[PDB]
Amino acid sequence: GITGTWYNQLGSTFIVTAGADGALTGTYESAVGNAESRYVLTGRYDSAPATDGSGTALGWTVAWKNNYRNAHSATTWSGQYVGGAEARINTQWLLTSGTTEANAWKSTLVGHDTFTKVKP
């Protein structure tokens, strides 16, 4: 299922546990950006997905502060887990930096990450 170690297409490492209560907890390590070492993540997932072949909806957040760096920013990933022979988590993400009001129009980056259990 969702619990395990995942890697995105750029080599980031997503170590997650899906708890009985719909909780996602774990750590995220980024290969890009103002990042170093592991960061805390928390999120939620549908603990009772449909039984018609649909994926499992989920999302999580990382605030880019730890004991070694603070980028004053946070990313959220929204997506779905798709089980099968090669399990996959397909996501789109929003990355918001803290800004002044005058710069808020350019505060948010958008992209897409796909995660598998094998390094790219």
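All residue numbers are counted from 1 along the displayed sequence.
Mean C-alpha B-factor is higher over 65-73 than over the other stretch, the pair under comparison being 88-96 and 65-73. As listed in the deposited structure, the average C-alpha B-factor of 107-115 and of 20-28 is greater for 20-28. Reading the B-factor column for the CA atoms of 47, 80, 37, 42 in the entry, the top value corresponds to 37. Among all modelled residues in its chain, residue 55 ranks in the middle third by Cα B-factor.
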